[PDB]
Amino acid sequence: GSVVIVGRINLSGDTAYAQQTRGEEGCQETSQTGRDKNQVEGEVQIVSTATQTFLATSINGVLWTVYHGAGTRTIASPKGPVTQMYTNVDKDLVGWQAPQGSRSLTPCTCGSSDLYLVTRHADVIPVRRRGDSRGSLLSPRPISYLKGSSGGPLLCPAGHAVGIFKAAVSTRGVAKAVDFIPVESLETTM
């Protein structure tokens, strides 16, 4: 089946909050036809397959998500199923053409290390960048807490995308740092 947009994380105001936009059955029909009529809004999409839900982030005109969530799937669209433009397993990276109506996050140009991770729950966690592709969490959470939030953006203090969340570095089933796909890697791909 196709990957279907089931919602969006809202950043366009003070609060971050997920608006779910489609039902399970609606998701199933639209996964199956690959034709999606629903309007697209914002930067961070909530996407799901038949069995998993995760996030998808628009950066430089391309909707980015994790390969471990989307596999090789097409995305359901107004004109039908769309094959991936970008698919890189080593990087765990896949991209489609950003859907009509979506907005891109501007890439971070500030070199700021006080980062922020937007989860599926629309919580905004401070992350402290610790490397070329790693940020430690100020407050550590259980791995369950972050699960389902891959493909989501890591933001600088100016609201710009720094990377895409990919994997959680876990000790005793507690995430203490997050592994991301820095924008610079997306541009290498593009």
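From 1 onward, residues are counted along the sequence shown.
Mean CA B-factor, 35-43 versus 119-127: the higher value falls on 119-127. The PDB entry reports B-factors from which the mean C-alpha value can be compared for 174-182 and 10-18; the larger average falls on 10-18.
By the numbers in the PDB entry, the CA B factor is greatest at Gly111 among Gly101, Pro107, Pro81, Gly111. Highest C-alpha temperature factor among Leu55, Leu155, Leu63, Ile143 per the entry: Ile143. In the PDB entry, a CA B factor belonging to the lowest third of its chain's modelled residues is recorded for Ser48. Compared with the other modelled residues of the chain, the Cα B-factor recorded for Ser136 ranks in the middle third.
For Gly26, the recorded CA temperature factor ranks within the middle third of the chain's modelled residues. In the deposited entry, the Cα temperature factor of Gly159 sits in the top third of values across the chain's modelled residues.
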